[PDB]
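To keep things clear, I will list the structure first and then write my remarks on it.
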Amino acid sequence: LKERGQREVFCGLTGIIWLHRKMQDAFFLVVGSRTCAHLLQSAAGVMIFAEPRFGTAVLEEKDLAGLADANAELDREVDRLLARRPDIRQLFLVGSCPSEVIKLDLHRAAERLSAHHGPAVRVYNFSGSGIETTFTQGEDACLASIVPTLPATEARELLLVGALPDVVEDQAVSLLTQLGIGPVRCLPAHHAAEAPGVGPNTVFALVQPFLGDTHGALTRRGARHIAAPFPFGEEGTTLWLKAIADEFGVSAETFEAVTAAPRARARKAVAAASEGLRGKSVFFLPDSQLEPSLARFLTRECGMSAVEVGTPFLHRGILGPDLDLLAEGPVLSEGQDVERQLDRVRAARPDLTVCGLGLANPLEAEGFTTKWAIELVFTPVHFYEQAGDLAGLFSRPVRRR
Amino acid sequence: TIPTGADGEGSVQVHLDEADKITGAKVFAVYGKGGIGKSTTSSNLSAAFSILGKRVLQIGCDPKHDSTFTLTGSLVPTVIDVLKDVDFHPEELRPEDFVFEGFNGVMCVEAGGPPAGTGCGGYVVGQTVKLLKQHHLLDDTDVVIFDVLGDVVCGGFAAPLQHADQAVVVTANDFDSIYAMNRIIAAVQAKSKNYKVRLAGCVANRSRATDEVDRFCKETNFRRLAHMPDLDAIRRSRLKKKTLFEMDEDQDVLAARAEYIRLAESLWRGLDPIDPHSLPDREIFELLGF
Amino acid sequence: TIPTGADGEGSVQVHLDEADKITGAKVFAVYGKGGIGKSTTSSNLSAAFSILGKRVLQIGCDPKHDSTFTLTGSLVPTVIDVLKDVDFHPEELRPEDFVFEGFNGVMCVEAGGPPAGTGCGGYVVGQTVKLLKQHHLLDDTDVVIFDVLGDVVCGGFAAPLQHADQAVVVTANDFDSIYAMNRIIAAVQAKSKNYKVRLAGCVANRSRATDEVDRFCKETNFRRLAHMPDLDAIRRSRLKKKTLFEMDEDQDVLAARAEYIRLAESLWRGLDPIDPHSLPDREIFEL
Amino acid sequence: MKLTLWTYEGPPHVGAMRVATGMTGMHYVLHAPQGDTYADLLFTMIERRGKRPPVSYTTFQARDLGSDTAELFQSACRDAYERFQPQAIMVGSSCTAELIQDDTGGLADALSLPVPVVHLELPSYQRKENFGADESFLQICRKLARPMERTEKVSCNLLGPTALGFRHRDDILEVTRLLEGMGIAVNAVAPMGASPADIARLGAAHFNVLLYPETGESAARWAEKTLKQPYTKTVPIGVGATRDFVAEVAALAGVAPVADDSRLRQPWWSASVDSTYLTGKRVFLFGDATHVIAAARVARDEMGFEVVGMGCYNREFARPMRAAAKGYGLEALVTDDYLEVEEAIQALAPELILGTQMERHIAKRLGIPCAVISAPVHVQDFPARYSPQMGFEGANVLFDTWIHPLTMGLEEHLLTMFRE
Ligand code: PMR
Ligand code: SF4
Ligand SMILES: [Cu+2]
Ligand SMILES: [Mg+2]
Ligand SMILES: [Mg+2]
């Protein structure tokens with residue numbers, strides 16, 4: 001079901017909103033019109049009041065008429081903003097729809113910009129516009145842009161890749177050290193405080209399902225992905241760490257015994273909320289490519305019944321273990337016209353609906369409970385600690401009516 | 001190449017030929033009102049310098065034949081003064097072969113009627129300036145005259161005032177006049193950074209008793225000079241045939257040609273600049289003002 | 001390489017003039033050289049059209065700021081004056097703060113001449129028409145009339161022809177006016193090459209009609225729209241700040257108003273616009 | 001090309017979508033890129049709308065360029081007509097659309113659908129959102145608002161109230177109750193409660209009421225000549241402005257003033273003895289044009305405050321802004337940048353500042369009491385409780401809304417001094 005009649009998604013510029021949270025040494029210059037500025041501003045909400053690192057310079061008629069004018073204005077503006085923020089070192093010239101239609105070559109501009117700025121301050125660009133990407137594609141485009149700049153390493157190290165809340169990263173490091181074997185290098189390192197060397201030696205695993213261009217970036221270095229269920233829910237995290245153990249030759253008994261208490265706490269937390277969502281139907285809409293893992297977790301751990309799962313793009317090569325864990329019940333789908341999937345929603349009568357915020361209130365008025373997928377990227381749902389809170393996010397035992 | 005800025009960067013409308021302040025050779029512009037406004041002043045004054053001994057590149061810039069064809073007798077006798085050509089020359093590009101050698105001095109021509117059409121005056125006369133320069137006519141002559149009209153005030157189109165230094169004035173005695181002379185004054189101090197084109201004084205022709213417009217001209221801090229003429233000028237048909245210096249000296253009220261010589265006695269470089277100023281529509285009102 | 005230089009023919013061949021050909025209403029640009037009556041003819045034409053019942057706005061592109069001045073009777077603050085009062089941001093202007101109404105509700109706009117020694121008249125009229133679109137006065141109005149100095153017809157001077165659907169001309173018996181009309185036809189043909197501007201015809205300058213201008217129209221394949229001499233009946237000084245069609249009546253006034261009414265209705269119809277030519281300068285019978 | 005971190009407005013298509021969703025029976029087709037679809041979030045959520053905004057987007061991508069954009073647009077309009085069934089349809093363009101050689105008007109004409117369509121030419125890089133709302137309003141008015149015979153009873157039209165407006169749902173109610181106060185009937189409320197039939201009947205009013213200038217002024221002026229419809233000039237925000245507006249409408253309609261002062265309490269509470277300390281308090285105002293004008297008038301006259309800073313992001317109304325600022329002997333600050341107004345409130349250091357969300361948050365950073373009196377707001381500013389900003393009730397709302405920050409800070413300071 002790949003009908004293109006009408007689509008309701010977000011630009012990858014929405015990735016900048018929480019992407020800058022991982023690295024506080026990243027400034028983002030958006031070559032976008034007033035509309036993209038309004039999108040970033042609205043979606044960020046209370047951020048803009050705290051001076052973020054999102055610089056969305058409007059393409060006025062003056063610099064949009066020509067091409068090189070914007071190119072020189074880019075250098076002038078980055079010099080300005082480096083003066084404003086001496087702390088800032090990493091710069092990203094994110095692509096936007098006006099830049100794509102005017103075909104502004106951001107790559108050469110970023111290269112000469114880094115050349116003139118020098119080694120201390122380094123600028124790498126990518127394109128997060130909605131013309132060629134969508135929503136979550138911005139983040140893996142960004143990191144794949146910074147992958148080649150990372151030096152090759154000759155040491156076999158356990159690799160974590162993916163923007164993630166800092167407490168979740170710390171707990172994952174703690175768990176993998178509790179495993180005992182596998183040095184962890186954080187590719188989205190905090191404010192680039194440790195430039196993570198990536199080369200053929202470092203075999204990697206994936207924590208965030210949507211990271212598509214990430215795999216290509218790490219195959220260019222030579223790293224290989226390992227088939228591992230994405231760490232959603234207690235069993236998802238358990239099978240993930242089991243996969244890491246298998247790759248690094250960790251004894252099954254050792255890792256089973258080591259992680260007993262954390263997964264006991266996780267099963268307690270998940271059973272605390274499992275009883276809420278027993279024996280209901282759910283419908284998934286294409287929001288952030290995070291839906292198939294969610295469907296697996298809900299269906300097998302929370303007793304959910306998944307009617308449909310809508311994903312804008314399926315990277316089956318990496319989502320394969322997820323699909324194998326996933327039941328045959330829910331119909332997989334790569335990009336469904338919003339009205340068509342809306343018709344299927346009306347037909348299916350989903351007790352719970354996962355979709356964008358824009359659709360959410362209309363479905364609520366139609367009488368269907370809605371859970372907006374724009375939230376779960378922000379809130380931590382990614383491991384044992386948040387295994388219970390993942391289900392709690394879908395509990396919604398409102399039942400006011 | 002300059003794609004933007006030519007009509008971009010705020011729609012800049014300079015001639016797009018850097019600075020044109022440099023005088024051709026001591027350029028002595030002559031303003032006017034489009035043929036009927038005594039554009040023969042440029043040709044006659046060029047003839048005055050030539051008789052003195054200073055060759056003039058009197059550039060009439062008149063699409064119709066009133067400015068310099070009087071000096072050059074027949075209009076465009078080879079039709080190579082028309083100046084509009086894809087090859088930028090309707091004949092061989094040799095400076096000597098290019099157009100005629102006027103009729104006194106060494107060599108001198110005007111601008112013809114260009115069918116160039118599309119294009120700002122920054123180039124329409126902006127290019128028209130430099131074909132004489134292209135074959136070094138401004139170098140081949142001792143002094144230069146760069147005639148302009150009342151319509152030309154605006155820069156780029158006012159490239160003759162870009163190149164002019166010591167100019168005399170010609171105007172009427174009506175509301176169109178009191179508008180035109182002060183607007184030209186505005187144009188020339190706008191071109192004051194372009195080799196300080198002078199404001200020597202106006203050949204104003206009072207029709208019958210328009211002493212009030214002449215009083216206004218005085219209020220513009222601006223001298224009167226040829227006050228006497230009352231709509232009476234030299235024979236028009238013979239003037240078309242040849243300019244006054246080549247034609248019978250038919251003075252109308254006073255010693256017109258002797259007045260020209262008396263002016264040229266200090267105007268060989270330029271009459272003493274009265275240094276006038278432009279004036280607003282509030283004071284320059286002409287009561288009703290047509 | 002001296003002629004082409006860095007730009008040379010650049011700004012005049014490539015990006016010669018921005019298009020923005022949004023007319024909506026019927027446009028007739030009156031083109032005269034000077035002395036021959038273009039502004040007075042345009043004002044009386046606007047008055048006659050308002051008499052007919054068509055909404056009329058007049059754009060005084062002439063830099064003397066007197067073309068539409070007669071209809072109001074008081075000097076109109078030109079557009080550039082307000083654009084300088086504002087910080088050249090076209091949005092704080094509002095209707096009736098730059099446009100003004102004349103007799104019988106005739107809208108009129110004056111385009112202030114570009115600053116002496118810099119800028120462009122085409123630039124100026126482009127800003128006037130853009131500001132005009134911004135507050136959408138063309139949308140309500142039915143007839144749009146342009147008054148421009150036809151003595152110079154260069155690219156910026158030819159900007160109103162881009163808008164004008166029909167090009168009205170005025171002429172006198174003087175040979176300078178003859179060369180002027182010839183140049184005007186040539187330039188109007190050039191402007192009708194890019195997009196289109198049709199040739200409505202030429203009228204007399206009230207000096208003497210059909211003395212030799214009619215034969216010139218026949219030679220150039222042009223037409224000679226009828227107009228009558230009223231040199232002394234119509235006071236040269238705008239009849240006490242007030243045109244004839246606006247605040248006066250008399251036998252000569254009535255008949256001149258009738259002539260302008262015929263011009264108005266003919267322009268309103270404006271069918272079968274002639275496709276004339278420019279007769280050679282040497283071929284021009286001269287004196 | 002200037003770096004902006006927070007802007008006070010949106011792209012003009014946002015205002016056009018505001019007017020589109022305000023009135024029913026319309027559908028709004030964007031030539032918008034995929035992902036520019038976010039704009040319905042704010043409507044579904046900030047305004048808390050139960051219905052999907054009546055909009056459809058083509059959502060073109062890199063693969064769809066040239067002809068594919070036109071075919072996608074045609075399919076989008078066709079399916080919008082077939083499944084949404086709008087009585088009126090209009091065609092619009094986004095920022096990226098005009099850069100591509102896609103003719104919205106040509107595509108609409110090629111569709112040749114029976115329902116009338118209008119082509120909205122939106123200068124998305126020259127202008128901003130309120131202008132877009134106003135242009136859509138005048139364009140729809142000339143499309144399907146034609147002059148027609150007057151009503152039996154004197155009727156008025158409220159022009160200006162659009163969606164995403166400040167309190168607009170409440171101002172329409174307050175103005176309507178007042179006009180029923182003189183008994184004059186409101187023939188049509190647009191664009192907040194408009195419909196194709198309502199726009200058709202818009203010419204039936206005996207006069208128009210400009211409830212909000214930025215979104216109805218050009219429509220009122222179009223009705224001035226097209227429909228011979230006079231429109232009121234005074235905005236009734238504040239007691240004195242309410243009386244001026246009452247006199248104006250009574251004059252236009254010819255009915256007696258019959259003003260009801262029964263529910264008003266703001267003058268007595270401002271002259272109340274507990275309100276003495278408000279006198280001589282400096283205030284800075286920024287935001288929507290008429291909102292700031294009325295706020296300054298109300299402050300200086302009825303509140304006892306001294307207006308110490310005045311400004312407006314609505315550049316199209318800088319002339320009234322400057323006129324009022326000179327009237328108070330101030331210096332209008334017309335910047336659209338948060339940093340300039342930030343510096344202004346730093347230098348002036350007013351006791352209280354009343355602007356929009358930016359002003360609220362910068363005052364929070366500066367430790368200054370603040371209230372919101374302008375359009376750009378978050379979700380919680382729009383209340384479920386009816387909070388008219390205009391009329392006699394609006395006077396009391398404005399009063400205590402301004403009071404709350406002051407009394408909060410004052411009692412906090414009293415606590416701090418007292419435990420010390
Ligand atoms: C472009 C869509 C959009 C808009 C208009 C807002 C403002 C808004 N942000 Mg949701 N924010 C959008 C998307 C996002 N906001 C984000 C931040 C955020 C959070 C965590 C939350 C939030 C909320 C809102 C709200 C309240 C209304 C709403 O639910 O959209 C607006 C207007 C609020 C919520 O969803 O309801 C409880 C909430 O918990 N904004 C993030 C970062 C993950 C994204 C991608
Ligand atoms: S003559 Fe007029 S139109 Fe031509 S460049 Fe000068 S100002 Fe512009
Ligand atoms: Cu509070
Ligand atoms: Mg002569
Ligand atoms: Mg004139």
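We name chains A, B, ... following the order of the structure tokens; residues begin at 1 in each chain, and ligands are numbered from 1 as shown.
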
So which bits of region 296-331 of chain A end up strand (DSSP E) when you DSSP the backbone, as JSON, numbers by chain? {"A": [305, 306, 307, 308, 309, 310, 311, 331]}

Shell around region 132-143 of chain D at 7 Å using only C-alpha atoms, local window under 3 positions removed, as a PyMOL selection string: chain D and resi 12-13+15-16+18-19+118+120+122+128-129+199+214-216+218-219

If you count only C-alpha atoms, which residues fall within 12 Å of residue 271 (chain C), apart from same-chain ones fewer than 5 positions away, as a PyMOL selection string? chain C and resi 165-166+198-201+265-266

Could you save the residues just selected, with N, CA, C and O atoms, as a CSV table (one decimal), in the first residue's frame?
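Wrote out-v1.csv, looks like this:
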chain,number,residue,atom,x,y,z
C,165,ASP,N,-2.2,47.3,-23.0
C,165,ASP,CA,-2.8,46.5,-24.1
C,165,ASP,C,-2.9,47.3,-25.4
C,165,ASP,O,-2.7,46.7,-26.4
C,166,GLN,N,-3.2,48.6,-25.3
C,166,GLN,CA,-3.2,49.5,-26.4
C,166,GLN,C,-2.4,50.7,-26.1
C,166,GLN,O,-2.3,51.2,-25.0
C,198,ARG,N,-0.6,46.7,-28.2
C,198,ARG,CA,-1.2,47.0,-29.5
C,198,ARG,C,-1.2,48.5,-29.7
C,198,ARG,O,-1.1,49.3,-28.7
C,199,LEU,N,-1.3,48.9,-31.0
C,199,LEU,CA,-1.2,50.3,-31.4
C,199,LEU,C,-2.6,50.8,-31.6
C,199,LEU,O,-3.2,50.5,-32.6
C,200,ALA,N,-3.1,51.6,-30.7
C,200,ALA,CA,-4.5,52.1,-30.8
C,200,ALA,C,-4.6,53.2,-31.9
C,200,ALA,O,-5.6,53.3,-32.6
C,201,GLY,N,-3.6,54.0,-32.1
C,201,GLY,CA,-3.6,55.1,-33.0
C,201,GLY,C,-3.0,56.4,-32.5
C,201,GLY,O,-2.6,56.5,-31.3
C,265,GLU,N,-14.8,56.0,-26.2
C,265,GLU,CA,-15.6,54.9,-26.7
C,265,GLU,C,-14.8,54.0,-27.7
C,265,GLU,O,-14.9,52.8,-27.7
C,266,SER,N,-14.0,54.7,-28.5
C,266,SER,CA,-13.2,54.0,-29.5
C,266,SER,C,-12.1,53.1,-28.8
C,266,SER,O,-11.9,52.0,-29.2

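Contacts from chain A to chain B at a cut-off of 10 Å (only C-alpha atoms) map to residues 62, 63, 65, 66 and 69 of chain A.
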
Output file for the residues above (N, CA, C and O atoms, as an mmCIF file, in the first residue's frame):
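Wrote it out as result_1.cif, contents follow:
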data_model
loop_
_atom_site.group_PDB
_atom_site.id
_atom_site.type_symbol
_atom_site.label_atom_id
_atom_site.label_comp_id
_atom_site.auth_asym_id
_atom_site.auth_seq_id
_atom_site.Cartn_x
_atom_site.Cartn_y
_atom_site.Cartn_z
ATOM 1 N N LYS A 62 15.730 38.261 -1.812
ATOM 2 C CA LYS A 62 17.024 38.801 -2.214
ATOM 3 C C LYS A 62 18.045 37.699 -2.474
ATOM 4 O O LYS A 62 18.666 37.653 -3.542
ATOM 5 N N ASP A 63 18.230 36.797 -1.511
ATOM 6 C CA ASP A 63 19.218 35.739 -1.680
ATOM 7 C C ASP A 63 18.659 34.501 -2.363
ATOM 8 O O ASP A 63 19.434 33.602 -2.704
ATOM 9 N N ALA A 65 16.714 34.769 -5.223
ATOM 10 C CA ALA A 65 16.809 35.074 -6.647
ATOM 11 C C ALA A 65 18.115 34.556 -7.236
ATOM 12 O O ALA A 65 18.119 33.850 -8.251
ATOM 13 N N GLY A 66 19.239 34.892 -6.602
ATOM 14 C CA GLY A 66 20.530 34.376 -6.991
ATOM 15 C C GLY A 66 20.920 33.141 -6.190
ATOM 16 O O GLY A 66 20.172 32.632 -5.360
ATOM 17 N N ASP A 69 24.965 34.563 -3.853
ATOM 18 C CA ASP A 69 24.688 35.515 -2.785
ATOM 19 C C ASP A 69 24.414 34.788 -1.476
ATOM 20 O O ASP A 69 24.971 35.130 -0.427
#

Would you list the residues that come within 8 Å of ligand 3? Count only C-alpha atoms and all ligand atoms and give the answer as a PyMOL selection string. chain D and resi 404-405+408

Emit the selected residues as a PDB file, in the first residue's frame, including C-alpha atoms.
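So selection-v5.pdb came out as:
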ATOM      1  CA  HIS D 404      -2.504  39.117  38.336  1.00  0.00           C
ATOM      2  CA  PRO D 405       1.266  39.380  37.575  1.00  0.00           C
ATOM      3  CA  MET D 408       1.693  37.849  42.373  1.00  0.00           C
TER       4      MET D 408
END

Report, in Å with one decimal, the straight-line distance from CA of residue 251 (chain B) to CA of residue 232 (chain B). 9.2 Å

Based on only C-alpha atoms, which of the residues in chain B come within 6 Å of chain C? I want them as a list in words. residues 1, 6, 13, 117, 118, 119, 120, 153, 154, 155, 186, 187, 190 and 290 of chain B

Please provide the set of residues having any atom within 10 Å of region 95-107 of chain C, restricted to only C-alpha atoms, with same-chain residues fewer than 5 positions apart removed, written as a short mmCIF file (atom, residue, chain, number, x, y, z; two decimals) with C-alpha atoms, in the first residue's frame.
data_model
loop_
_atom_site.label_atom_id
_atom_site.label_comp_id
_atom_site.auth_asym_id
_atom_site.auth_seq_id
_atom_site.Cartn_x
_atom_site.Cartn_y
_atom_site.Cartn_z
CA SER C 43 -6.77 63.50 -18.19
CA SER C 46 -10.05 59.63 -17.94
CA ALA C 47 -12.82 62.18 -17.36
CA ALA C 48 -14.75 60.91 -20.40
CA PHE C 49 -14.36 57.29 -19.27
CA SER C 50 -15.62 58.21 -15.79
CA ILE C 51 -18.56 59.90 -17.52
CA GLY C 53 -19.19 54.74 -16.03
CA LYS C 54 -15.89 52.86 -16.02
CA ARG C 55 -13.61 53.04 -12.99
CA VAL C 56 -10.40 54.80 -14.02
CA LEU C 57 -6.99 55.14 -12.38
CA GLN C 58 -4.22 57.18 -14.00
CA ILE C 59 -0.48 56.66 -13.47
CA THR C 68 -2.69 63.68 -13.10
CA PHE C 69 -2.25 66.93 -11.16
CA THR C 70 -4.96 68.64 -13.22
CA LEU C 71 -7.75 66.21 -12.29
CA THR C 72 -7.21 66.78 -8.57
CA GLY C 73 -6.44 70.48 -8.96
CA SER C 74 -3.84 70.22 -6.18
CA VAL C 76 -0.26 65.14 -5.63
CA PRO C 77 2.46 63.78 -3.33
CA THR C 78 4.13 61.34 -5.69
CA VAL C 79 4.69 57.68 -4.87
CA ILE C 80 8.45 57.99 -4.33
CA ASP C 81 7.84 60.72 -1.74
CA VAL C 82 5.82 58.36 0.45
CA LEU C 83 8.22 55.49 -0.31
CA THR C 128 4.48 52.09 -8.53
CA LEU C 131 2.68 48.89 -4.83
CA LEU C 132 -0.52 49.25 -6.87
CA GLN C 134 -0.17 45.12 -3.32
CA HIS C 135 -3.32 47.01 -2.28
CA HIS C 136 -5.28 45.59 -5.25
CA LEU C 137 -6.72 48.81 -6.68
CA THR C 141 -11.02 49.41 -11.41
CA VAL C 144 -6.19 51.83 -16.44
CA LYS C 242 -8.85 72.75 -13.67
CA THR C 243 -9.11 70.90 -16.99
CA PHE C 245 -13.64 68.14 -19.04
CA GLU C 246 -13.50 68.58 -15.26
CA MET C 247 -14.80 72.01 -14.17
CA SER D 218 -9.13 45.25 2.77
CA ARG D 221 -12.59 48.70 1.69
#

Mind listing the residues within 7 Å of ligand 4, only C-alpha atoms and all ligand atoms counted, as a short mmCIF file (atom, residue, chain, number, x, y, z; two decimals) with N, CA, C and O atoms, in the first residue's frame?
data_model
loop_
_atom_site.label_atom_id
_atom_site.label_comp_id
_atom_site.auth_asym_id
_atom_site.auth_seq_id
_atom_site.Cartn_x
_atom_site.Cartn_y
_atom_site.Cartn_z
N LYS B 38 17.02 74.81 -28.60
CA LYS B 38 18.33 75.34 -28.98
C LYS B 38 19.45 74.35 -28.65
O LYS B 38 20.30 74.61 -27.80
N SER B 39 19.42 73.19 -29.30
CA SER B 39 20.53 72.25 -29.19
C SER B 39 21.69 72.64 -30.10
O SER B 39 22.73 71.98 -30.06
N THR B 40 21.52 73.67 -30.93
CA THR B 40 22.62 74.15 -31.77
C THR B 40 23.71 74.81 -30.95
O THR B 40 24.79 75.09 -31.48
N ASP B 66 19.01 68.14 -34.73
CA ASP B 66 19.11 69.55 -34.37
C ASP B 66 20.45 69.90 -33.73
O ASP B 66 20.87 71.06 -33.74
N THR B 70 23.79 70.31 -37.78
CA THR B 70 23.99 71.68 -38.23
C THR B 70 25.47 71.95 -38.49
O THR B 70 25.85 72.56 -39.50
N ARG B 236 15.67 79.31 -39.50
CA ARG B 236 15.57 77.90 -39.12
C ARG B 236 15.99 76.98 -40.26
O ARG B 236 16.71 76.00 -40.03
N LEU B 239 19.63 77.22 -40.72
CA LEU B 239 20.25 76.58 -39.56
C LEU B 239 20.27 75.07 -39.72
O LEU B 239 21.26 74.41 -39.38
N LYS B 240 19.17 74.51 -40.23
CA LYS B 240 19.15 73.08 -40.54
C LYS B 240 20.17 72.75 -41.61
O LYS B 240 20.86 71.72 -41.54
N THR B 243 25.08 75.13 -39.43
CA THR B 243 25.05 75.88 -38.18
C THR B 243 25.44 77.34 -38.42
O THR B 243 25.93 77.71 -39.49
#

Could you list, as a PyMOL selection string, all protein and nucleic acid residues with an atom at most 10 Å from ligand 1, counting only C-alpha atoms and all ligand atoms? (chain A and resi 9-19+36+38-47+135-136+288+356-358+360-361+371-379) or (chain D and resi 35-48+377-380)

Could you please determine the separation between CA of residue 61 (chain B) and CA of residue 233 (chain B) in Å, to one decimal place? 21.8 Å

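Applying a distance limit of 9 Å to only C-alpha atoms, the residues of chain D near chain C read residues 127, 142, 218, 222, 225, 226, 315, 316, 317, 318 and 319 of chain D.
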
Serialized selection, C-alpha atoms, as a compact mmCIF listing (two decimals), in the first residue's frame:
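Wrote it out as again-v2.txt, contents follow:
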# COMPACT_ATOMS: atom_id res chain seq x y z
CA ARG D 127 4.91 39.13 3.03
CA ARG D 142 -14.75 39.37 -4.99
CA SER D 218 -9.13 45.25 2.77
CA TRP D 222 -13.54 46.39 -1.17
CA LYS D 225 -16.96 50.59 -3.46
CA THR D 226 -18.19 47.21 -4.71
CA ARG D 315 4.65 46.24 9.96
CA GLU D 316 1.64 46.95 7.73
CA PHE D 317 0.15 48.95 10.62
CA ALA D 318 3.30 50.81 11.63
CA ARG D 319 1.64 54.12 10.69

Write out as number ranges by chain all residues of region 77-291 of chain A that DSSP puts in helix (DSSP H, G or I) for this structure's backbone. A: 77-84, 97-101, 106-117, 137-146, 166-179, 190-192, 213-221, 233-247, 252-258, 260-277, 291

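If you count only C-alpha atoms and ignore residues fewer than 5 places along the chain from region 218-222 of chain C, what sits within 8 Å of it is residues 201, 274, 275, 276, 277, 278 and 279 of chain C.
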
What does the file look like for those residues with N, CA, C and O atoms, as a tab-separated table (two decimals), in the first residue's frame?
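New file selection07.tsv:
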chain	number	residue	atom	x	y	z
C	201	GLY	N	-3.56	54.04	-32.06
C	201	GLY	CA	-3.58	55.11	-33.03
C	201	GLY	C	-3.00	56.40	-32.50
C	201	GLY	O	-2.57	56.45	-31.34
C	274	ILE	N	-4.21	48.51	-35.64
C	274	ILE	CA	-3.40	48.50	-36.85
C	274	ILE	C	-2.00	48.01	-36.52
C	274	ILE	O	-1.51	48.16	-35.39
C	275	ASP	N	-1.35	47.39	-37.51
C	275	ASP	CA	0.03	46.92	-37.39
C	275	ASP	C	0.89	47.78	-38.30
C	275	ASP	O	1.22	47.37	-39.42
C	276	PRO	N	1.29	48.98	-37.87
C	276	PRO	CA	2.02	49.88	-38.77
C	276	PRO	C	3.50	49.55	-38.86
C	276	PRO	O	3.96	48.54	-38.32
C	277	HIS	N	4.24	50.40	-39.56
C	277	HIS	CA	5.69	50.26	-39.66
C	277	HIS	C	6.36	51.60	-39.40
C	277	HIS	O	5.68	52.62	-39.22
C	278	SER	N	7.69	51.61	-39.36
C	278	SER	CA	8.47	52.83	-39.17
C	278	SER	C	9.11	53.20	-40.50
C	278	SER	O	9.99	52.48	-40.99
C	279	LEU	N	8.68	54.31	-41.08
C	279	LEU	CA	9.17	54.71	-42.39
C	279	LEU	C	10.59	55.27	-42.26
C	279	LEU	O	10.89	55.94	-41.27

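Comparing D:339, D:352, D:211, D:410 by their smallest distance to chain A, the closest is D:339 (using only C-alpha atoms).
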
Need the shell around residue 216 (chain B): protein/DNA/RNA residues with any atom at most 9 Å away, counting only C-alpha atoms. Skip same-chain ones fewer than 6 positions apart. Format as an NGL selection string? :B and (178 or 222 or 283-284 or 286)

For the selection just defined, write its residues with N, CA, C and O atoms to a file, as a CSV table (one decimal), in the first residue's frame.
chain,number,residue,atom,x,y,z
B,178,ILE,N,11.6,76.3,-15.9
B,178,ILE,CA,12.0,76.4,-14.4
B,178,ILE,C,12.0,75.0,-13.8
B,178,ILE,O,12.7,74.8,-12.8
B,222,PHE,N,21.2,81.8,-10.4
B,222,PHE,CA,21.6,81.4,-11.8
B,222,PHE,C,21.5,82.5,-12.8
B,222,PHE,O,20.5,83.2,-12.8
B,283,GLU,N,8.6,76.9,-4.1
B,283,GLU,CA,9.1,78.2,-4.5
B,283,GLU,C,9.1,78.4,-6.0
B,283,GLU,O,8.6,79.4,-6.5
B,284,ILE,N,9.6,77.4,-6.7
B,284,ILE,CA,9.4,77.4,-8.2
B,284,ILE,C,8.0,76.8,-8.5
B,284,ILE,O,7.8,75.6,-8.5
B,286,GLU,N,5.6,79.1,-10.5
B,286,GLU,CA,5.1,79.8,-11.7
B,286,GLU,C,3.7,80.2,-11.5
B,286,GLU,O,2.9,80.1,-12.5

Quick one: everything within 10 Å of residue 296 (chain D), counting only C-alpha atoms, minus sequence neighbours fewer than 2 positions away in the same chain. Send it as an MDAnalysis selection string. chainID D and resid 283:286 290:294 298:303 305:310 324:325 328 354

Please identify all residues of chain A having at least one atom at most 6 Å from any atom of chain D, considering only C-alpha atoms, and return them as number ranges by chain. A: 6, 8-11, 34-35, 55-61, 98, 130-132, 358, 361-362, 365
